[PDB]
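To begin, one chain is listed below as C-alpha cells, in the form deposited in one PDB entry.
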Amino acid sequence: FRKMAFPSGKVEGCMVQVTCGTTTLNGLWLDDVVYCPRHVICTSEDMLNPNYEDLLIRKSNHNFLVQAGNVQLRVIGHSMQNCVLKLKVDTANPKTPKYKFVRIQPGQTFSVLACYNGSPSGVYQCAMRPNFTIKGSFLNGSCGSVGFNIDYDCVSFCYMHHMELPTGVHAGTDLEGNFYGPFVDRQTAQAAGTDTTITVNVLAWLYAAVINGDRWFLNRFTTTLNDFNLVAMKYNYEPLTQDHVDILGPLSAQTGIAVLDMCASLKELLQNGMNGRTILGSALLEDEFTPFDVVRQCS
C-alpha cells in the first residue's frame, strides 16, 4: 500500500518559467494567463519587509520574462490578486486542460509537481496539515510549483508554494492568492501553531490495513464517540465528528467493522503504541490518506 500521486502530464504542459529582474521562479500557464507568486518582483532585500503595491508600480509588462520551454511569451497585462501575480499574455496555452480552482480544507490530500526553473522534476503526494502547512521537498527555485487533484479529465488546482518557514515546513496559497493559514509572503518569523493528526485519515488507513491482510490491531473492545475523543485530545488527534463517521461509511461496510470498533483499536493503539510491530509496513500511524484516497486504491 503506497502513497501514490496523480498522473502529472496535464500539469507538466502548464509549467512555465517567470523571470522579473533577478528573481526567477515557476508559473502556471492556463489559457492566456500565467499565475505565479507575487514575490517574483522582490529582490532578496525586499523580502525582509515588502510593500507589494509599491514594488509592483516600479514594474511594467516588459519587465516580466515568461518562458515556456523555448518559447517566450509576450506579457500584455499584469495584475496583483492577493499574493499571486496574473501575467496576461498574448498566446493562450494550447495544452490548457480542463481545470478548476478550489480552496481545499485541512486534512485533504493532493499531488505536487515540484518544478525548478519551469521544468518539472518530480511528483509526490502530500496532505494539508491541520495547521495549514505541508511537509515536503521544495529546494531553492521551487516557488510557484502547484498542488492539484484530478477528477476524470478535470484538474482541480488547489495549492501554490510560496515560502519555506524558518521551521523547515512549507506554506502557500490557493490559486486566488489567499494563503492557507496565517502566513504572509515576508521573510519574518511566523508561527505555524500546534499541528494535530488527521484522525479521520488514520482510521481510513486502518481500513486499508484490514483490506490488505494486516489485522493484528483489531480489538475485542469497543468505545463511544465521546470516550474516543477524550483519548484523541491527549494524543493531539483531530476531534472525530459524525461527518467523519459518515465518510468512513463505505469502508466500514466493505470490511464489516463498525467505525466505533475501529476507534477502539485506535484507542489501544494510542495508549499502547506499535510495541514493535508494523501496520502496512509502517512503524507509526499514517494520516496522509483520506477516506477517498483509500477507496480509490482498493475497489
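Note that residue numbering follows the sequence shown and begins at 1.
Omitted from view is the form deposited with a small molecule bound, to which the following refers.
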Position in contact with the small molecule when the complex is considered in the deposited complex, options 214, 164, 176, 195, heavy atoms within 4.5 Å = 164
Please pick, from 71, 189, 76, 92, the one residue with any non-hydrogen atom lying within 4.5 angstroms of the small molecule in the deposited complex.
-> 189
Heavy atom contact within 4.5 Å of the small molecule in the deposited complex, the stretch among 204-212, 155-163, 84-92, 126-134 | 155-163
Can residue 113 be called a contact residue for the small molecule in the deposited complex at 4.5 Å between heavy atoms?
-> no
Applying a 4.5 Å heavy atom distance criterion, does residue 143 contact the small molecule in the deposited complex?
-> yes
Any chance residue 25 has a heavy atom within 4.5 Å of the small molecule in the deposited complex?
-> yes
Any non-hydrogen atom of residue 39 within 4.5 angstroms of the small molecule in the deposited complex | yes
Check 237, 267 and 287: does every one of them have a heavy atom within 4.5 Å of the small molecule in the deposited complex?
-> no
